[PDB]
Every structure is written in structure tokens, then in C-alpha cells.
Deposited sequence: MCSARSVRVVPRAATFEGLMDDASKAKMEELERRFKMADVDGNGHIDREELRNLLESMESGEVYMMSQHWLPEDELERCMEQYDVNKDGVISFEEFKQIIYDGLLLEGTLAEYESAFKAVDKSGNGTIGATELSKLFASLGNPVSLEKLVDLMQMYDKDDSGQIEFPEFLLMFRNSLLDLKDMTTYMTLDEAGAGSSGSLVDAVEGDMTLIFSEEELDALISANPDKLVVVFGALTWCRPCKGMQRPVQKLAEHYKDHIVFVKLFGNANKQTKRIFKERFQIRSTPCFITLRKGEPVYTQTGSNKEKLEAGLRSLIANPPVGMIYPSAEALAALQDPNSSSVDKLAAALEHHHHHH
């Protein structure tokens, strides 16, 4: 009775919303009613009932937090906290589909790390490759090496992205590829399918795989060197970076395909086959080794060593 009118209206609306989510009308929100409430669009007003898209982890994640008394069900008071914390998708299915298509510059229907990097950089918040690893670990939950639509949705649920970033990005032909390398720059990959695509796309260049780990310090020291070699040697060599520990696929590439035992590791592929392997932080040795594979290398070295310089002849 003694609530103010504005508060009474807010509460009446939360009550209306709660009753809507409580589909069976039984007075509360169980785990399976909450699954659909989390799968919904337009602030709980449109349920996508074709089939489920939310991973089970996510629902359990949600009950863990908002079920405070631990009776396996969501009460009205607990439901308010879900609303306040912004868990429901506010946009329409079409707005999320438009945003996904905008980010998927290749137009193949999935978002790769290279695409994510461009989105962040284009919006003035360029991210490091190590941070792209973190984004993929947090959102590529099926270890596909791509962000599919349902995973993109969780970027909005968690406020990593906002539908205004998207409108801005839209303001700023397509290949159809899984990955499109940027000439002169290393490509960070998250799947074997991307590795193979890059090899197939570069039949007449050497492909150098830079294997790193996210906590490896000497690896970090080689990142700037490799960026300079990727520019200098672009007519001859494409570089492809993978962090072995990123996901199930990268672990397998490290252990089964290349048998990488120490990092940083540089594996040079000719027509997809390892022909030259070097490990560690010796830049002079790495570059001399790469150069020895090239008929007509660029003039000048980035990391000369006395030995690597031709005598006056």
C-alpha cells in the first residue's frame, strides 16, 4: 500500500514478467523454464522454441549464482536479480543476425579470430593476440575455432559487445573463406581447418608455424621479431601463429601433427610438409635458417649475424 506510484509500477511490471516466465503458472521458475527464459529475445518477450541453443554449462552457471537459498528453483526475488544484472538479451533476433553478418566479413557464416580482431581494432580497441586467445577460450565453447551464432549471443549476454558497437561497425565483395590472411602480417589460428586453408592458399610460399604457449616468456620475446619477419619476407613466407594450449584442436596440432616439445617453436612447411624446424629465441639463427630456404631473398637481414653475411666476392 505505501510504496510510491513509480515503485508500485516497477514492481507490477517485474511481477508481470515473472508470471510470463512462469509458463505453467505454478507460481515459480524451474530449471527448464529458466532454460527458455535464457534462450529468449526482446527482454523475455520472444521464445525461440525451434530447438535449444544454450549450452548446459550456461544454465548450471546461471542457477549457481541466482538460486541463493539453494532450493533448485528461481523465486520472484531471485528473478529480479537476473533482470537487474542484465542477463536477458534486449535485442531482436534480426538485430543479432545483422550484427553477426556485419562481423563475419568473409561471409562464410562463422566468425574467426581474425574477424574478431578487425572488429575490436576498427572500433578503436585493438586487442593483442594473447587477448584474442582469451576471447576464444571464453566464447568458443565447442572448440570449433570459430564463433558460431549461439556463441556470439553470449558476447551480448555478458556485455562484451553492445548492439551500439555493431551500428558503429556497420557505418565503417566477400571471399566466402574460412580465413583470409592479411598480407605482411601473421595469422592467428584456432583450428586445423584454418591451418590447412592457409597452406592451400599459399602453394608457392613457405608457411612458418609459430608455436607458442600463453605463459611462455621466451615466446613473448619472439612476437615482435616475427611481426618484422612477416613483413620483410611477405613475398616468400606466410606466418601462422598458434597457441598450443588454446583449445582441443590446437593441443592436438601440437602433440600429434607437429610433436612440439619446446616453445617457441618455428616449423617451416613447404607444400604443407615440415622441412625446417627451430626452437627457441635465437633470432639470428631463425632468420638465417629461413633465408637458406629462399632462392632470392629480400635484401638485407632484419637480424644479421657475422656468419650470415657473404664475404666480399
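Item to check | Unmodelled intervals of the deposited chain, in order | outcome: Missing CA coords at 1-17, 190-194, 336-356.
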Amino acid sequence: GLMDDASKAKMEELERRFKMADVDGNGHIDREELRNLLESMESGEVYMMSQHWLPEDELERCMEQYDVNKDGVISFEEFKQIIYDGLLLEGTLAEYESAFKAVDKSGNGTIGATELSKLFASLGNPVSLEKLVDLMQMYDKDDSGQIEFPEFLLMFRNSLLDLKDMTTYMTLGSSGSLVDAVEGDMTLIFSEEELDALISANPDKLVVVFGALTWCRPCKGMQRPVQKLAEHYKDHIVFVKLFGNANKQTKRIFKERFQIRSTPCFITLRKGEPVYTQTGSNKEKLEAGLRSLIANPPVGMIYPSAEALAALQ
From here on, numbers count along this sequence of modelled residues.
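Checklist entry - Comparing 159-167 with 143-151, which stretch shows the greater average C-alpha B-factor in the deposited entry? => result Stretch with the higher mean C-alpha B-factor: 159-167.
Item to check | Stretch with the higher entry mean CA B-factor, where the candidates are 79-87 and 106-114 | outcome: For C-alpha atoms only, the mean B-factor is higher in 79-87.
Checklist entry - Which listed residue, 285, 257, 251, 61, has the largest C-alpha temperature factor in the record? => result Reading the PDB entry, the winner on C-alpha B-factor is 61.
Checklist entry - Among 263, 247, 278, 50, which residue carries the highest C-alpha B-factor recorded in the PDB entry? => result Max CA B-factor in the entry, restricted to 263, 247, 278, 50: 50.
Next on the checklist: Based on the deposited C-alpha B factors for this chain, I'd like to know if residue 20 is in the lowest, middle or highest third.
Outcome noted: Top third by C-alpha B-factor.
Item to check | Entry-reported Cα temperature factor of residue 304, expressed as the chain third it lands in | outcome: Its C-alpha B-factor belongs to the middle third of this chain's values.
Checklist entry - Thinking about Cα B factors across the chain, which third does residue 201 belong to? => result For residue 201, the deposited C-alpha B-factor lands in the middle third.
Next on the checklist: Using the temperature factors of the C-alpha atoms in this entry, rank residue 93 within its chain: lowest, middle or highest third.
Outcome noted: Middle third by C-alpha B-factor.
Checklist entry - If you rank the chain by CA B-factor, which third does residue 295 end up in: lowest, middle or highest? => result As the PDB entry reports it, the C-alpha B-factor of residue 295 lands in the highest third of its chain.
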